[PDB]
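Just protein-v4.cif here, mmCIF, C-alpha atoms and all ligand atoms:
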data_run
loop_
_atom_site.label_atom_id
_atom_site.label_comp_id
_atom_site.auth_asym_id
_atom_site.auth_seq_id
_atom_site.Cartn_x
_atom_site.Cartn_y
_atom_site.Cartn_z
CA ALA O 2 -1.26 15.36 19.56
CA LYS O 3 -4.59 13.63 18.91
CA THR O 4 -5.83 11.20 16.28
CA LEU O 5 -8.72 12.26 14.03
CA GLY O 6 -9.92 8.70 13.57
CA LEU O 7 -9.57 5.06 14.53
CA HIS O 8 -9.58 2.38 11.85
CA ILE O 9 -10.04 -1.28 12.69
CA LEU O 10 -9.68 -3.91 10.00
CA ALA O 11 -10.11 -7.64 10.47
CA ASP O 12 -10.06 -10.72 8.29
CA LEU O 13 -12.57 -13.23 9.67
CA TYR O 14 -12.13 -16.95 8.95
CA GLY O 15 -14.28 -19.98 9.64
CA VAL O 16 -17.45 -18.00 9.05
CA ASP O 17 -20.51 -20.04 8.06
CA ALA O 18 -21.22 -19.53 4.35
CA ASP O 19 -24.91 -18.92 5.04
CA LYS O 20 -24.10 -15.87 7.19
CA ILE O 21 -22.26 -14.08 4.37
CA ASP O 22 -23.59 -15.30 1.02
CA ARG O 23 -26.35 -12.81 0.14
CA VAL O 24 -26.76 -9.02 0.37
CA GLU O 25 -29.66 -9.46 2.82
CA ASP O 26 -27.18 -10.92 5.31
CA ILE O 27 -24.60 -8.10 4.96
CA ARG O 28 -27.31 -5.44 5.11
CA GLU O 29 -28.82 -6.82 8.30
CA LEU O 30 -25.34 -7.22 9.74
CA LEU O 31 -24.12 -3.68 9.03
CA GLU O 32 -27.47 -2.08 9.92
CA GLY O 33 -27.16 -3.96 13.18
CA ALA O 34 -23.60 -2.78 13.76
CA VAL O 35 -24.46 0.87 13.11
CA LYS O 36 -27.37 0.83 15.57
CA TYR O 37 -25.53 -1.19 18.23
CA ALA O 38 -22.60 1.25 18.00
CA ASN O 39 -24.94 4.24 17.97
CA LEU O 40 -23.28 5.49 14.79
CA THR O 41 -25.02 7.88 12.42
CA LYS O 42 -25.24 6.89 8.77
CA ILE O 43 -25.06 9.14 5.73
CA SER O 44 -25.83 6.33 3.28
CA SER O 45 -25.21 2.63 2.60
CA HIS O 46 -24.48 0.66 -0.56
CA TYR O 47 -24.49 -3.06 -1.25
CA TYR O 48 -23.62 -5.34 -4.12
CA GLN O 49 -24.46 -9.00 -4.78
CA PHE O 50 -21.76 -11.06 -6.47
CA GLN O 51 -22.37 -14.28 -8.38
CA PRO O 52 -22.63 -17.11 -7.54
CA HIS O 53 -22.57 -15.56 -4.08
CA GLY O 54 -20.76 -13.17 -1.79
CA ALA O 55 -21.34 -9.46 -1.34
CA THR O 56 -19.86 -6.03 -0.68
CA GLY O 57 -21.30 -3.53 1.75
CA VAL O 58 -20.13 -0.01 2.52
CA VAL O 59 -21.56 2.57 4.89
CA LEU O 60 -20.49 6.22 4.79
CA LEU O 61 -20.64 7.58 8.35
CA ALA O 62 -21.39 11.12 9.52
CA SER O 64 -15.71 7.72 7.92
CA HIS O 65 -16.90 4.26 6.86
CA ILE O 66 -17.64 0.61 7.55
CA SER O 67 -17.05 -1.93 4.81
CA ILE O 68 -17.29 -5.68 4.30
CA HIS O 69 -16.36 -7.95 1.40
CA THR O 70 -17.18 -11.67 1.54
CA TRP O 71 -16.26 -15.04 0.05
CA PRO O 72 -18.69 -17.77 1.15
CA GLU O 73 -16.55 -20.51 -0.44
CA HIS O 74 -13.70 -19.52 1.90
CA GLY O 75 -15.77 -18.82 5.00
CA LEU O 76 -14.13 -15.42 4.81
CA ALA O 77 -15.20 -11.84 5.39
CA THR O 78 -12.91 -8.80 5.38
CA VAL O 79 -14.19 -5.99 7.58
CA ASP O 80 -13.29 -2.32 8.08
CA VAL O 81 -14.62 -0.05 10.81
CA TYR O 82 -13.25 3.48 10.47
CA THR O 83 -14.82 6.24 12.64
CA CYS O 84 -13.75 9.79 13.55
CA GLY O 85 -13.80 11.11 17.10
CA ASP O 86 -15.40 8.32 19.17
CA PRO O 87 -13.08 5.26 19.27
CA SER O 88 -15.45 3.28 21.48
CA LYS O 89 -17.99 3.31 18.66
CA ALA O 90 -15.52 1.77 16.22
CA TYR O 91 -14.78 -0.95 18.75
CA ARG O 92 -18.47 -1.60 19.48
CA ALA O 93 -19.25 -1.83 15.75
CA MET O 94 -16.46 -4.36 15.22
CA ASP O 95 -17.41 -6.35 18.35
CA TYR O 96 -20.97 -6.57 17.06
CA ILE O 97 -19.98 -7.64 13.55
CA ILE O 98 -17.58 -10.28 14.90
CA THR O 99 -20.08 -11.76 17.37
CA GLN O 100 -22.77 -11.93 14.72
CA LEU O 101 -20.45 -13.66 12.24
CA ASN O 102 -18.86 -15.76 14.98
CA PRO O 103 -15.59 -16.54 13.12
CA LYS O 104 -13.28 -19.36 14.24
CA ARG O 105 -10.03 -17.47 13.52
CA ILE O 106 -9.25 -13.79 13.30
CA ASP O 107 -6.50 -11.47 12.14
CA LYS O 108 -7.03 -7.92 13.32
CA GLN O 109 -5.16 -4.61 13.28
CA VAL O 110 -5.90 -1.07 14.49
CA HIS O 111 -4.60 2.21 12.99
CA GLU O 112 -4.92 5.79 14.25
CA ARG O 113 -5.59 7.71 11.04
CA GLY O 114 -4.43 11.32 10.85
CA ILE O 115 -2.31 12.75 13.65
CA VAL O 116 -2.67 16.47 14.33
CA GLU O 117 -1.16 18.88 16.87
CA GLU O 118 -3.09 20.09 19.94
CA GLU O 119 -0.76 23.05 20.46
CA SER O 120 0.11 25.37 17.61
CA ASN O 121 3.14 27.58 17.38
CA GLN O 122 2.25 31.03 18.64
CA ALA H 2 -1.08 -19.91 -0.23
CA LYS H 3 -2.30 -16.81 -2.07
CA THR H 4 -3.86 -13.53 -0.97
CA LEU H 5 -7.35 -12.65 -2.22
CA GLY H 6 -6.69 -8.94 -2.06
CA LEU H 7 -4.20 -6.16 -1.46
CA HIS H 8 -5.15 -3.19 0.69
CA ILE H 9 -3.10 -0.01 0.72
CA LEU H 10 -3.92 2.77 3.16
CA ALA H 11 -2.12 6.08 3.44
CA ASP H 12 -2.47 9.25 5.45
CA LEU H 13 -1.39 12.19 3.29
CA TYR H 14 -0.15 15.40 4.93
CA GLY H 15 0.78 18.81 3.57
CA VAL H 16 -1.94 18.60 0.94
CA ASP H 17 -3.17 21.94 -0.42
CA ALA H 18 -6.63 22.69 1.01
CA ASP H 19 -7.97 23.60 -2.44
CA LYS H 20 -7.25 20.09 -3.75
CA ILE H 21 -9.44 18.40 -1.12
CA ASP H 22 -12.13 20.84 0.03
CA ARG H 23 -15.11 20.09 -2.24
CA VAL H 24 -16.75 16.91 -3.60
CA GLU H 25 -15.90 17.98 -7.16
CA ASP H 26 -12.22 17.57 -6.28
CA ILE H 27 -12.59 14.09 -4.72
CA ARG H 28 -14.81 12.91 -7.58
CA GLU H 29 -12.36 14.02 -10.25
CA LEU H 30 -9.53 12.51 -8.23
CA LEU H 31 -11.09 9.07 -7.71
CA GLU H 32 -12.55 8.92 -11.24
CA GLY H 33 -9.04 9.64 -12.40
CA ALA H 34 -7.54 6.93 -10.21
CA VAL H 35 -10.01 4.30 -11.38
CA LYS H 36 -9.33 5.01 -15.07
CA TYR H 37 -5.55 5.33 -14.64
CA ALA H 38 -5.51 1.99 -12.79
CA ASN H 39 -7.86 0.42 -15.33
CA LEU H 40 -10.18 -0.63 -12.51
CA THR H 41 -13.84 -1.39 -13.10
CA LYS H 42 -16.38 0.44 -10.96
CA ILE H 43 -19.67 -0.87 -9.62
CA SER H 44 -20.72 2.49 -8.17
CA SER H 45 -19.37 5.58 -6.41
CA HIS H 46 -20.69 7.74 -3.57
CA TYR H 47 -19.62 11.14 -2.31
CA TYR H 48 -20.51 13.43 0.56
CA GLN H 49 -19.81 17.12 1.13
CA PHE H 50 -19.06 18.15 4.72
CA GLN H 51 -19.43 21.66 6.09
CA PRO H 52 -17.66 24.03 6.08
CA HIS H 53 -15.58 21.84 3.80
CA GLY H 54 -14.02 18.42 3.35
CA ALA H 55 -15.54 15.34 1.76
CA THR H 56 -15.85 11.57 1.73
CA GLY H 57 -15.66 9.44 -1.39
CA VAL H 58 -16.07 5.69 -1.74
CA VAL H 59 -15.95 3.51 -4.83
CA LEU H 60 -17.15 -0.10 -4.80
CA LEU H 61 -15.00 -2.06 -7.27
CA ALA H 62 -15.94 -5.09 -9.36
CA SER H 64 -13.25 -4.22 -3.17
CA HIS H 65 -13.09 -0.45 -2.68
CA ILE H 66 -11.30 2.88 -2.79
CA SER H 67 -12.09 5.49 -0.16
CA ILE H 68 -10.96 8.97 0.83
CA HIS H 69 -11.86 11.22 3.75
CA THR H 70 -10.49 14.77 3.92
CA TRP H 71 -9.79 17.66 6.28
CA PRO H 72 -8.81 20.83 4.40
CA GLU H 73 -7.93 22.65 7.65
CA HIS H 74 -5.27 20.00 8.32
CA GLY H 75 -4.04 19.56 4.76
CA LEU H 76 -4.95 15.93 5.35
CA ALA H 77 -6.52 13.15 3.32
CA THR H 78 -6.84 9.52 4.41
CA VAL H 79 -6.89 7.10 1.49
CA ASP H 80 -7.69 3.41 1.03
CA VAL H 81 -7.11 1.36 -2.11
CA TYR H 82 -8.32 -2.22 -1.67
CA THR H 83 -8.49 -4.45 -4.80
CA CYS H 84 -8.85 -8.21 -5.32
CA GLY H 85 -6.65 -10.19 -7.69
CA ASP H 86 -4.51 -7.56 -9.47
CA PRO H 87 -2.09 -5.93 -6.97
CA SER H 88 -0.52 -3.71 -9.62
CA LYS H 89 -3.87 -1.96 -10.03
CA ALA H 90 -4.04 -1.11 -6.32
CA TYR H 91 -0.54 0.33 -6.54
CA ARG H 92 -1.30 2.32 -9.70
CA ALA H 93 -4.47 3.75 -8.14
CA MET H 94 -2.57 4.86 -5.04
CA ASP H 95 0.34 6.25 -7.09
CA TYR H 96 -2.14 8.30 -9.11
CA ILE H 97 -4.01 9.64 -6.07
CA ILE H 98 -0.75 10.56 -4.33
CA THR H 99 0.76 12.35 -7.35
CA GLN H 100 -2.44 14.30 -7.91
CA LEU H 101 -2.63 15.37 -4.27
CA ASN H 102 1.14 15.86 -4.07
CA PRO H 103 1.45 15.56 -0.26
CA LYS H 104 4.56 16.74 1.59
CA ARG H 105 4.59 13.86 4.12
CA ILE H 106 3.16 10.37 3.97
CA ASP H 107 2.45 7.44 6.25
CA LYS H 108 1.60 4.30 4.32
CA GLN H 109 0.95 0.63 5.03
CA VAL H 110 0.04 -2.41 2.91
CA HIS H 111 -1.99 -5.47 4.01
CA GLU H 112 -2.70 -8.74 2.19
CA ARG H 113 -6.36 -9.36 3.03
CA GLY H 114 -7.57 -12.95 3.19
CA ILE H 115 -5.06 -15.78 2.92
CA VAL H 116 -6.29 -19.02 1.37
CA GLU H 117 -4.68 -22.37 0.54
CA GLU H 118 -3.64 -23.31 -3.01
CA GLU H 119 -3.49 -27.02 -2.18
CA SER H 120 -6.36 -28.74 -0.43
CA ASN H 121 -6.18 -31.92 1.57
CA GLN H 122 -7.08 -34.82 -0.67
CA CA V 201 -27.79 0.30 6.28
CA CA V 202 -16.59 7.86 -9.98
MG MG V 203 -27.48 -16.38 3.90
MG MG V 204 -11.08 22.78 -4.42
#

What does the file become when written as structure tokens?
Ligand SMILES: [Ca+2]
Ligand SMILES: [Ca+2]
Ligand SMILES: [Mg+2]
Ligand SMILES: [Mg+2]
Amino acid sequence: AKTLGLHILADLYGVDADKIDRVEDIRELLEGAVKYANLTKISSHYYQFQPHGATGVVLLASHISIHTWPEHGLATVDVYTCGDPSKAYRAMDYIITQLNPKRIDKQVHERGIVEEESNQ
Amino acid sequence: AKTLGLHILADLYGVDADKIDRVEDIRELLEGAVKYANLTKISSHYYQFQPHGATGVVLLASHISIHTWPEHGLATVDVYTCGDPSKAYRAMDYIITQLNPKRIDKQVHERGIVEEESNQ
């Protein structure tokens, strides 16, 4: 049995408000993750919330997402890729180092388990 | 302490291939979830994979996502909302009933824990 994808989600705390308050920040961040992880993008969409904070989602060829709350020094991140687990890990390592959080809560899930042998 | 958001993820198995093979299907499905759950959408993006299967992501005003594999009767779903947990549950209940999977693996996460009292 093999997993079709690896999904890493993390809640990052103690993140400087200036690193996650505008779309520009999230965009640079996720563009940087994608390239560092050598992932291929289908498209990317961002949204600026008032008075600050933003959402960013990247559809991969699964997805990478980030929602932020400057007032709480918090960013919730998702890195879900299919096939190459090392890319999911690299993307998350990049995002975390760039945001440099003080505390983290992380979890990993193998999404979709399928047989390698079929019944003949 | 309160949670800023509720994130439900589920891997649905035994799903008829015809219910998850084209974008049209995912679009109808997610549009239906959003309305049934009374969620407000910012935008929505879909992608058609060859020879079939699709990705769908909806940015909420967090997000709802779905990736599918017709050949495996599989769909991986994410319903992440902020503030109203009952909406996340309704959205996932809708998606599941529409797809009517035979087997399910689900998990719920409270994303982002913040204090209700501050230190004076
Ligand atoms: Ca981008
Ligand atoms: Ca829609
Ligand atoms: Mg900034
Ligand atoms: Mg169909």

Check the smallest atom-to-atom distance from each of H:93, H:24, H:62, H:10 to residue 38 in chain H using all atoms listed in the file, then report the winner.
->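 Among the listed residues, the smallest separation from residue 38 in chain H belongs to H:93.
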
Might you pull out every residue within 8 Å of residue 74 in chain O, with all atoms listed in the file counted and same-chain residues fewer than 2 positions away left off, and present them as a PyMOL selection string?
-> (chain O and resi 14-15+18+71-72+76) or (chain H and resi 116)

Counting all atoms listed in the file, what is within 9 Å of residue 27 in chain O, bar same-chain residues fewer than 2 positions away, as an MDAnalysis selection string?
-> chainID O and resid 20:25 29:32 47 55:57 68:70

Test item: residues lying within 8 Å of ligand CA 201 (chain V) with only C-alpha atoms and all ligand atoms, as a list in words =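 Using only C-alpha atoms and all ligand atoms, everything at most 8 Å from ligand CA 201 (chain V) comes to residues 28, 29, 31, 32, 35, 42, 44, 45, 46 and 59 of chain O.
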
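Across the model, the gap from CA of residue 39 in chain H to CA of residue 61 in chain O is 27.8 Å.
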
Within 10 Å of (-7.2, -7.8, 9.3) (file coordinates; all atoms listed in the file), which protein or nucleic acid residues are there? I'd like them as a PDB file with C-alpha atoms, in the coordinates of the input.
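out-v4.pdb, written as the output of this step:
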ATOM      1  CA  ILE O   9     -10.040  -1.280  12.690  1.00  0.00           C
ATOM      2  CA  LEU O  10      -9.680  -3.910  10.000  1.00  0.00           C
ATOM      3  CA  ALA O  11     -10.110  -7.640  10.470  1.00  0.00           C
ATOM      4  CA  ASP O  12     -10.060 -10.720   8.290  1.00  0.00           C
ATOM      5  CA  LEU O  13     -12.570 -13.230   9.670  1.00  0.00           C
ATOM      6  CA  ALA O  77     -15.200 -11.840   5.390  1.00  0.00           C
ATOM      7  CA  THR O  78     -12.910  -8.800   5.380  1.00  0.00           C
ATOM      8  CA  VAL O  79     -14.190  -5.990   7.580  1.00  0.00           C
ATOM      9  CA  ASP O  80     -13.290  -2.320   8.080  1.00  0.00           C
ATOM     10  CA  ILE O 106      -9.250 -13.790  13.300  1.00  0.00           C
ATOM     11  CA  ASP O 107      -6.500 -11.470  12.140  1.00  0.00           C
ATOM     12  CA  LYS O 108      -7.030  -7.920  13.320  1.00  0.00           C
ATOM     13  CA  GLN O 109      -5.160  -4.610  13.280  1.00  0.00           C
ATOM     14  CA  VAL O 110      -5.900  -1.070  14.490  1.00  0.00           C
TER      15      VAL O 110
ATOM     16  CA  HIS H   8      -5.150  -3.190   0.690  1.00  0.00           C
ATOM     17  CA  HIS H 111      -1.990  -5.470   4.010  1.00  0.00           C
ATOM     18  CA  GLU H 112      -2.700  -8.740   2.190  1.00  0.00           C
ATOM     19  CA  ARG H 113      -6.360  -9.360   3.030  1.00  0.00           C
ATOM     20  CA  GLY H 114      -7.570 -12.950   3.190  1.00  0.00           C
TER      21      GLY H 114
END

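Of the listed residues O:87, O:5, O:41, O:33, the one whose atoms come nearest to chain H is O:5, with distances taken using all atoms listed in the file.
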
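The space separating CA of residue 3 in chain H from CA of residue 84 in chain H comes to 11.3 Å.
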
Of the candidates O:86, O:73, O:26, O:95, which one gets nearest to chain H if we count all atoms listed in the file?
-> O:73

Among listed residues O:6, O:94, O:51, O:65, nearest residue 37 in chain O (using only C-alpha atoms) | O:94

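The closest residue to chain O, picked from H:40, H:90, H:7, H:58 and counting all atoms listed in the file, is H:58.
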
Provide the CA of residue 52 in chain O to CA of residue 75 in chain O distance in Å, to one decimal place.
->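 CA of residue 75 in chain O lies 14.4 Å from CA of residue 52 in chain O.
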
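Taking all atoms listed in the file into account, the residues near (-0.4, -16.7, -1.4), no farther than 8 Å, are residues 2, 3, 4, 115, 116, 117 and 118 of chain H.
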
Around all of range 18-29 of chain H's listed atoms, make the axis-aligned box with 8 Å on each side and tell me centre and edge lengths in Å to one decimal, as AutoDock Vina command-line options.
--center_x -11.7 --center_y 18.3 --center_z -4.6 --size_x 26.1 --size_y 26.7 --size_z 27.3

So, counting only C-alpha atoms, which residue among H:67, H:88, H:122, H:102 is closest to chain O?
->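 Distance minimum relative to chain O lands on H:67.
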
N, CA, C and O atoms of range 2-23 of chain H from block above, as a PDB file, in the first residue's frame:
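Written out: result.pdb:
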ATOM      1  N   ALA H   2      -9.665  30.337  26.711  1.00  0.00           N
ATOM      2  CA  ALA H   2      -9.041  30.174  25.369  1.00  0.00           C
ATOM      3  C   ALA H   2     -10.078  29.732  24.341  1.00  0.00           C
ATOM      4  O   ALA H   2     -10.943  28.901  24.629  1.00  0.00           O
ATOM      5  N   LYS H   3      -9.992  30.300  23.143  1.00  0.00           N
ATOM      6  CA  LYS H   3     -10.914  29.964  22.065  1.00  0.00           C
ATOM      7  C   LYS H   3     -10.120  29.614  20.813  1.00  0.00           C
ATOM      8  O   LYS H   3      -8.953  29.992  20.674  1.00  0.00           O
ATOM      9  N   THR H   4     -10.757  28.889  19.901  1.00  0.00           N
ATOM     10  CA  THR H   4     -10.106  28.508  18.656  1.00  0.00           C
ATOM     11  C   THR H   4     -10.582  29.487  17.584  1.00  0.00           C
ATOM     12  O   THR H   4     -11.746  29.883  17.574  1.00  0.00           O
ATOM     13  N   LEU H   5      -9.675  29.896  16.705  1.00  0.00           N
ATOM     14  CA  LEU H   5     -10.011  30.844  15.650  1.00  0.00           C
ATOM     15  C   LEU H   5     -10.665  30.156  14.468  1.00  0.00           C
ATOM     16  O   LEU H   5     -11.361  30.798  13.677  1.00  0.00           O
ATOM     17  N   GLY H   6     -10.437  28.851  14.347  1.00  0.00           N
ATOM     18  CA  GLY H   6     -11.021  28.113  13.243  1.00  0.00           C
ATOM     19  C   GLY H   6     -11.113  26.618  13.461  1.00  0.00           C
ATOM     20  O   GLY H   6     -10.428  26.049  14.311  1.00  0.00           O
ATOM     21  N   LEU H   7     -11.980  25.979  12.685  1.00  0.00           N
ATOM     22  CA  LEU H   7     -12.173  24.544  12.766  1.00  0.00           C
ATOM     23  C   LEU H   7     -11.876  23.994  11.376  1.00  0.00           C
ATOM     24  O   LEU H   7     -12.409  24.474  10.373  1.00  0.00           O
ATOM     25  N   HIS H   8     -11.024  22.982  11.327  1.00  0.00           N
ATOM     26  CA  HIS H   8     -10.605  22.388  10.071  1.00  0.00           C
ATOM     27  C   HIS H   8     -10.934  20.904  10.058  1.00  0.00           C
ATOM     28  O   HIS H   8     -10.438  20.134  10.880  1.00  0.00           O
ATOM     29  N   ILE H   9     -11.790  20.517   9.124  1.00  0.00           N
ATOM     30  CA  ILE H   9     -12.178  19.130   8.963  1.00  0.00           C
ATOM     31  C   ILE H   9     -11.581  18.603   7.660  1.00  0.00           C
ATOM     32  O   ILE H   9     -11.720  19.223   6.604  1.00  0.00           O
ATOM     33  N   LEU H  10     -10.904  17.467   7.734  1.00  0.00           N
ATOM     34  CA  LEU H  10     -10.362  16.872   6.526  1.00  0.00           C
ATOM     35  C   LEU H  10     -10.823  15.427   6.496  1.00  0.00           C
ATOM     36  O   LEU H  10     -10.898  14.766   7.531  1.00  0.00           O
ATOM     37  N   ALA H  11     -11.172  14.946   5.310  1.00  0.00           N
ATOM     38  CA  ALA H  11     -11.639  13.580   5.169  1.00  0.00           C
ATOM     39  C   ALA H  11     -11.183  12.977   3.862  1.00  0.00           C
ATOM     40  O   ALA H  11     -11.095  13.666   2.847  1.00  0.00           O
ATOM     41  N   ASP H  12     -10.873  11.688   3.896  1.00  0.00           N
ATOM     42  CA  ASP H  12     -10.489  10.979   2.692  1.00  0.00           C
ATOM     43  C   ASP H  12     -11.692  10.074   2.432  1.00  0.00           C
ATOM     44  O   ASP H  12     -12.036   9.227   3.258  1.00  0.00           O
ATOM     45  N   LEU H  13     -12.347  10.283   1.298  1.00  0.00           N
ATOM     46  CA  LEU H  13     -13.537   9.515   0.954  1.00  0.00           C
ATOM     47  C   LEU H  13     -13.244   8.411  -0.056  1.00  0.00           C
ATOM     48  O   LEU H  13     -12.728   8.677  -1.139  1.00  0.00           O
ATOM     49  N   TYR H  14     -13.590   7.175   0.302  1.00  0.00           N
ATOM     50  CA  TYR H  14     -13.364   6.023  -0.565  1.00  0.00           C
ATOM     51  C   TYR H  14     -14.671   5.403  -1.058  1.00  0.00           C
ATOM     52  O   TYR H  14     -15.734   5.590  -0.465  1.00  0.00           O
ATOM     53  N   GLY H  15     -14.579   4.652  -2.149  1.00  0.00           N
ATOM     54  CA  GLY H  15     -15.760   4.006  -2.687  1.00  0.00           C
ATOM     55  C   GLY H  15     -16.689   4.986  -3.365  1.00  0.00           C
ATOM     56  O   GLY H  15     -17.884   4.732  -3.484  1.00  0.00           O
ATOM     57  N   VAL H  16     -16.139   6.109  -3.813  1.00  0.00           N
ATOM     58  CA  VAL H  16     -16.935   7.123  -4.490  1.00  0.00           C
ATOM     59  C   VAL H  16     -17.033   6.813  -5.983  1.00  0.00           C
ATOM     60  O   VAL H  16     -16.021   6.562  -6.638  1.00  0.00           O
ATOM     61  N   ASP H  17     -18.250   6.825  -6.519  1.00  0.00           N
ATOM     62  CA  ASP H  17     -18.444   6.554  -7.941  1.00  0.00           C
ATOM     63  C   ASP H  17     -17.579   7.511  -8.766  1.00  0.00           C
ATOM     64  O   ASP H  17     -17.558   8.724  -8.518  1.00  0.00           O
ATOM     65  N   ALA H  18     -16.856   6.949  -9.731  1.00  0.00           N
ATOM     66  CA  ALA H  18     -15.964   7.706 -10.609  1.00  0.00           C
ATOM     67  C   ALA H  18     -16.669   8.831 -11.360  1.00  0.00           C
ATOM     68  O   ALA H  18     -16.073   9.868 -11.625  1.00  0.00           O
ATOM     69  N   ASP H  19     -17.933   8.625 -11.705  1.00  0.00           N
ATOM     70  CA  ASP H  19     -18.684   9.633 -12.448  1.00  0.00           C
ATOM     71  C   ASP H  19     -19.023  10.868 -11.619  1.00  0.00           C
ATOM     72  O   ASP H  19     -19.327  11.918 -12.171  1.00  0.00           O
ATOM     73  N   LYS H  20     -18.967  10.746 -10.295  1.00  0.00           N
ATOM     74  CA  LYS H  20     -19.284  11.873  -9.417  1.00  0.00           C
ATOM     75  C   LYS H  20     -18.097  12.806  -9.198  1.00  0.00           C
ATOM     76  O   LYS H  20     -18.269  13.936  -8.734  1.00  0.00           O
ATOM     77  N   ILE H  21     -16.902  12.334  -9.544  1.00  0.00           N
ATOM     78  CA  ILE H  21     -15.677  13.096  -9.312  1.00  0.00           C
ATOM     79  C   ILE H  21     -14.666  13.113 -10.453  1.00  0.00           C
ATOM     80  O   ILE H  21     -13.479  13.346 -10.214  1.00  0.00           O
ATOM     81  N   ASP H  22     -15.107  12.888 -11.686  1.00  0.00           N
ATOM     82  CA  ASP H  22     -14.158  12.862 -12.794  1.00  0.00           C
ATOM     83  C   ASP H  22     -13.928  14.179 -13.542  1.00  0.00           C
ATOM     84  O   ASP H  22     -12.830  14.415 -14.049  1.00  0.00           O
ATOM     85  N   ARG H  23     -14.935  15.043 -13.605  1.00  0.00           N
ATOM     86  CA  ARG H  23     -14.772  16.307 -14.320  1.00  0.00           C
ATOM     87  C   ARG H  23     -14.898  17.523 -13.391  1.00  0.00           C
ATOM     88  O   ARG H  23     -15.396  17.407 -12.274  1.00  0.00           O
TER      89      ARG H  23
END
